[PDB]
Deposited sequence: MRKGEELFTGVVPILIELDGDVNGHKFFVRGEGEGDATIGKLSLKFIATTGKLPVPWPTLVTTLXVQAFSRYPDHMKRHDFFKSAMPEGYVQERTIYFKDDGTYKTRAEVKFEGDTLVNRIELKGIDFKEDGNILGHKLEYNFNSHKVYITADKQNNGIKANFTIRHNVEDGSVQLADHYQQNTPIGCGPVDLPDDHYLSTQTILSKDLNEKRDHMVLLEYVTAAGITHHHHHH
């Protein structure tokens, strides 16, 4: 299903401390090279939170899994039926995001529909204060199987560069479960790289995003 360039749709219904917002995203994926390229408009206006905080929420199916690791690619093993990403994200010394999402195929374009709730965020902390750089670090997403639920778990800690020279940590807890019935992997990780830019012909608050991700951790 990923043997070539695939279309992407993403929708995010968001609420953080009572500030509701919506985000639509469009673009393409190419799992043979692990490339994602997309543009995200915030249709409800200026966001109440930094764009970087939404990156992990806004298609790990498009990770390049080398031929020697193709038996460990749970994400693709679930398609077209799809899977469900739930996350809990703890921002150190600040609030929490809880997210539920569905990642399905829908007529030759892969879709990611997300609900997000955010609570206990300090006003004039790093998130509500809008104090994060327009950057995204490069991480490693550790994956382990979940026999019980017939899927996988995952843990990682996003480092968000802050405008003051500091860094802002966000701890991630993640469960993926298949939507249908039909690969449960050995421990490994996904190493990530991500660039954030704008589009000067675009009046609306938005975010252009390029990303490369590859699986590793087994010889």
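No C-alpha positions are given for the deposited-sequence stretches 1-6, 65, 190-191, 229-234.
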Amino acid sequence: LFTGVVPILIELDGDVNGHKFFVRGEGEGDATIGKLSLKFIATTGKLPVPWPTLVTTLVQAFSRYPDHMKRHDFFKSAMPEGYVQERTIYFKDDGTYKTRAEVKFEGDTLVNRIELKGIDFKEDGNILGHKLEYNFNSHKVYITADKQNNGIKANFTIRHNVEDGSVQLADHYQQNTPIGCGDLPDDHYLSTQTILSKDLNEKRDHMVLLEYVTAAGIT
From here on, numbers count along this sequence of modelled residues.
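The mean Cα B-factor in the deposited entry runs higher for 103-111 than for the other of 103-111 and 126-134. Look at the mean CA B-factor for 49-57 and for 65-73 in the entry; the higher one is 65-73. The PDB entry assigns its highest CA temperature factor, among 161, 192, 176, 44, to 44. Comparing C-alpha B-factors across 152, 170, 167, 31 in the deposited entry, the largest value falls on 167. In the PDB entry, residue 211 places in the lowest third of its chain by CA B-factor.
In the deposited entry, the Cα temperature factor of residue 148 sits in the top third of values across the chain's modelled residues.
Split the chain's modelled residues into thirds by C-alpha temperature factor. Residue 90 is in the middle one.
In this PDB entry, residue 142 carries a Cα temperature factor that places it within the lowest third of its chain's modelled residues.
Ranked by C-alpha B-factor against the other modelled residues of its chain, residue 198 falls in the lowest third.
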